Amino acid sequence: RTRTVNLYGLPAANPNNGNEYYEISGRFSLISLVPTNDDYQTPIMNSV
Amino acid sequence: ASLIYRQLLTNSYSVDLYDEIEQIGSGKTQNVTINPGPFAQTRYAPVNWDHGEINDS
Numbered sequence: 440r441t442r443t444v445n446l447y448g449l450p451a452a453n454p455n456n457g458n459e460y461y462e463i464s465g466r467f468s469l470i471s472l473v474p475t476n477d478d479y480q481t482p483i484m485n486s487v
Numbered sequence: 002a003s004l005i006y007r008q009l010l011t012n013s014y015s016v017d018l019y020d021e022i023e024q025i026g027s028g029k030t031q032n033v034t035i036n037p038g039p040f041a042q043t044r045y046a047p048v049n050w051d052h053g054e055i056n057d058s
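Protein chains in written order, with the entry's author numbering: chain 2, 440 to 487; chain U, 2 to 58.
As structure tokens, then:
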């Protein structure tokens, strides 16, 4: 009941569209720099 | 060569002396101070997760 009709986009009035959530799936590749040792720097009696 | 038996029997008192050695050396305080090596450790930081900046108006 208004001028602006047939416009492409998505207004903020009701974005949820009655849905609890919008979901997305994917893969997650991380190349972080751990502090982890290499089993050295550990005392000489490092054993059962 | 029989002298070894005589020496053992005669010197048996050193057995009790050695028992004292070990059972009071244990009592005495020792601390082997394992090091940190020449290479030094360090943790990341105190890091806490939060929601990022929000564009309010």
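For each residue, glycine too, the CB sits at the ideal point set by N, CA and C.
Task: Spatial distance of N32 (chain U) from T11 (chain U) (CA atoms) - done: For this step, residue 32 (chain U) is matched to residue 31 along the second sequence. For this step, residue 11 (chain U) is matched to residue 10 along the second sequence. In this structure, the straight-line span from the alpha carbon of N32 (chain U) to that of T11 (chain U) is close to 37 Å.
- [ ] Check whether the stretch 444–451 of chain 2 touches the stretch 14–28 of chain U, taking contact to mean three or more Cβ pairs, one atom from each stretch, closer than 8 Å.
- [x] No, they do not touch.
Open item on the list: Assuming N56 (chain U) is part of the alpha helix (DSSP H), what are its boundary residues?
Closed with: To locate residue 56 (chain U), count along the second sequence from 1; it is residue 55. That residue, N56 (chain U), is in no alpha helix (DSSP H); it is neither H nor E in DSSP.
Open item on the list: Any beta carbon from chain U within less than 7 Å of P450 (chain 2)'s own beta carbon?
Closed with: Here residue 450 (chain 2) corresponds to residue number 11 of the first sequence, with the count starting at 1. Chain U contact via Cβ: absent.
- [ ] Determine, using beta carbons only, whether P454 (chain 2) comes closer than 7 Å to chain U.
- [x] Position 15 of the first sequence, counting from 1, holds the residue named residue 454 (chain 2). At a cut-off of 7 Å, the C-beta of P454 (chain 2) has no neighbouring C-beta in chain U.
Open item on the list: Can you tell me whether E23 (chain U) is helix, strand or coil according to DSSP?
Closed with: Along the second sequence, read from residue 1 onward, the residue named residue 23 (chain U) stands at position 22. DSSP, read as helix, strand or coil, puts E23 (chain U) in helix.
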